[PDB]
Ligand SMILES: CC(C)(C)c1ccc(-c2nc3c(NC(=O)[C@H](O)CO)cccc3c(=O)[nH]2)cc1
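Here's a solo chain for you in structure tokens, the form solved without this ligand.
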């Protein structure tokens, strides 16, 4: 079930693949980034090939496709993080118990941005001792979402009289979403790592 554009991994379960500028795959990520981060320069873009993270994520995606009536349940979003977190995210993905409090909190989960500019803030993509900033491009199962509240540890119910039937994610604003919060493991696959500088 591993994607056919992935490099052959010689029977290993994890690899970071450096992309080539001028390939469509590099250029669509570079364009998505520069749309709001034109004042930064990209050092490199790496494709994350993590067999176990992919399998768990693809099972969640297939479940949400069945549960939800004909929705586009997946969005491609950004996540800025510090260099110390990069090896953990590459191997294990996004853990809500490691997440910082957001400056505007819509719940206690993992935050993902519509715009690279948001994730490029030093508060998220902290410059390392060589001045490198790190941002992931992430497949996120946003599914059916509502406006969040600082108190949430899971997405709220769709209906107060059916407390277990939940929204898939929450946002800052349902009309004009700029961030999404997910509260479960394997609801986000880190697909690319962008290393960039001021």
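Residue numbers count along the first chain shown, from 1.
A second form of this protein, the form solved in complex with this ligand, is not displayed here; the remarks below concern that form.
- Place this ligand on this chain by superposition, using its pose in the deposited complex; is the pocket open, or blocked by 3 or more ligand atoms lying within 2.4 Å of backbone or C-beta atoms? With this ligand superposed from its pose in the deposited complex, the site reads as blocked.
- What is the one choice in 126, 71, 75, 92 with a heavy atom within 4.5 Å of this ligand in the deposited complex? In short, 126.
- Task: Select from 59-84 the residues with a non-hydrogen atom within 4.5 Å of this ligand in the deposited complex and write them out in sequence order.
- Result: Result: 78, 79, 80, 81, 82.
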